[PDB]
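Colleague: Need a 3D model of the sequence below.
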Amino acid sequence: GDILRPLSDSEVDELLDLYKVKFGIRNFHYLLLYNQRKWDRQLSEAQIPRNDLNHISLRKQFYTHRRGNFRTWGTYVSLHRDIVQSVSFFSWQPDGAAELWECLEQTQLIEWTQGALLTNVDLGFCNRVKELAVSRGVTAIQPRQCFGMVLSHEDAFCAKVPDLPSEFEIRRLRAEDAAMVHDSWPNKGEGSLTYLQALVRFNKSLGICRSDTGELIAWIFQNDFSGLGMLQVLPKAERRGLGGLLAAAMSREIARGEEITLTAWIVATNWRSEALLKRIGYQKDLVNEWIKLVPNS
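Modeller: Residues are numbered from 1 along each chain as shown. Please find the structure below.
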């Protein structure tokens, strides 16, 4: 069949420890692998059939070169489904990573022409992968640089957290909250409402509501790397220190509920989020690209 061969659950687990050993607990591919398997376990105990349409956003299918050993170079390609197809991949083969590109170029499981989203792409794979996209029909690409911010577990565990102003209350988000958080998205085409609903269910989240009206005014989620994501404060509540409060609280909550490095993916131009994350202790130790391929025509 395809040059990409689906790894069994047992193999993904091995893939996970390979990255753990090779790069350490702060590595983003390890975090991605760690996160997925965490969800796999939960969704399993929650007796939710795989491929379940309203939870598929919480699933991933890992693959490797059908005629290669995923252990020698950690070569892998994952496929995710929500609105479009999201692809992640890596390999540490010392020279051009032939095995990897053999996979990406010879496979037909990737929707190069159907708006596929390339997530967390290493800077060394960006140019070549864009050329490939074009060689397969892509006529327009929308790439963006993201900073991978990192905070050790120890730091997150012992982190301090600001005081919440009387005007507000904090609570975990609930299903009804999903639609509001989704409505404040300007370029909402990568994450679906149902994805958000799955996240409020299986991931940690935090919302800030006015003690009066009870109106949700700011929120933060745990992301697909078990770190922080989708932070946002409605304009009418800006400059009240809530943004930094959410980030601090979520960092602490995650670190005390599980053992992992806290991280966050932010757009390189989001100077304000970089700044508040930095104040909490997060450091910038990675730069990756998110490459959104525009559907043919």
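
Colleague: Run through who's touching the helix or strand residue 243 falls within.
Modeller: Residue 243 belongs to helix 242-257 when assigned by DSSP states H and E. With contact meaning Cβ atoms under 8 Å, 6 or more residues apart in numbering, helix 242-257 is reached by 151, 153, 156-157, 159-162, 164, 168, 170, 204, 206, 208, 217-222, 226-228, 231, 233, 260, 262, 264, 272-273, 276-277, 279-280. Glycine gets a C-beta too; all of them are placed from N, C-alpha and C.

Colleague: Thought residue 263 was touching residue 31, still the case?
Modeller: Yes. With contact defined as Cβ atoms under 8 Å, residue 31 counts as touching residue 263 (6.3 Å).

Colleague: who touches both of those two?
Modeller: Listed as contacting both residue 31 and residue 263 by Cβ under 8 Å, 6+ apart are 225, 227.

Colleague: Going along the chain, name the strands of the stretch 1-150 of the chain.
Modeller: 4-6, 61-65, 76-81, 85-90, 117-122, 141-151 (DSSP state E, counting those that start in this stretch).

Colleague: a markdown table please, covering those strands and showing distance to residue 285.
Modeller: Converted to a markdown table, the strands of the stretch 1-150 of the chain look like this (distance: least, Cβ to Cβ, whole Å):
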| stretch | distance to residue 285 |
| --- | --- |
| strand 4-6 | 30 |
| strand 61-65 | 25 |
| strand 76-81 | 22 |
| strand 85-90 | 16 |
| strand 117-122 | 13 |
| strand 141-151 | 5 |
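
Colleague: ok, the residue lying closest to residue 202 once chain neighbours are set aside to residue 162 distance?
Modeller: Closest residue to residue 202 apart from its sequence neighbours, by Cβ to Cβ, 6 or more residues apart in numbering: residue 42 at 5.6 Å. Counting by Cβ to Cβ, to the nearest Å, the gap from residue 42 to residue 162 is 30 Å.

Colleague: Domain parsing of the chain, as residue ranges.
Modeller: 1-152+284-297, 153-283 (curated CATH domains).

Colleague: Would you format those domains as CSV with mean neighbour count included?
Modeller: Output for the domains of the chain, formatted as CSV (neighbours: other Cβ atoms under 10 Å):
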stretch, mean neighbour count
domain 1-152+284-297, 17
domain 153-283, 17
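
Colleague: roughly how far out does stretch 197-210 sit from the chain middle?
Modeller: Centre-to-centre, stretch 197-210 and its host chain are 16 Å apart (Cα atoms, centre = their mean, to the nearest Å).

Colleague: Stretch 102-119 too?
Modeller: Relative to the centre of its chain, stretch 102-119 is centred 19 Å away, using Cα atoms, centre = their mean.

Colleague: Stretch 191-204 too?
Modeller: How far stretch 191-204 lies from its chain's middle: 12 Å, per Cα atoms, centre = their mean.

Colleague: which non-adjacent residue is nearest residue 19?
Modeller: In space, and not counting its chain neighbours, residue 19 is closest to residue 30: 4.1 Å by Cβ to Cβ, 6+ apart.

Colleague: Does the one you found touch residue 36 like I think?
Modeller: No. When contacts are counted by Cβ under 8 Å, residue 30 is not listed as touching residue 36 (11.0 Å).

Colleague: And the nearest residue in space to residue 242 that is not next to it in sequence, how far from residue 120?
Modeller: In this structure, residue 242 finds its nearest non-sequential neighbour in residue 218, 4.6 Å apart by Cβ to Cβ, 6+ apart. Noted for residue 218: a distance of 26 Å to residue 120, by Cβ to Cβ.

Colleague: Could you pull up the residues touching the residue nearest the centre of the chain?
Modeller: Closest residue to the average C-alpha location of the chain: residue 224 at 3.7 Å, with Cα atoms, centre = their mean. Contact partners of residue 224, counting by Cβ under 8 Å, 6+ apart, are 32, 35-36.

Colleague: All set now, cheers.
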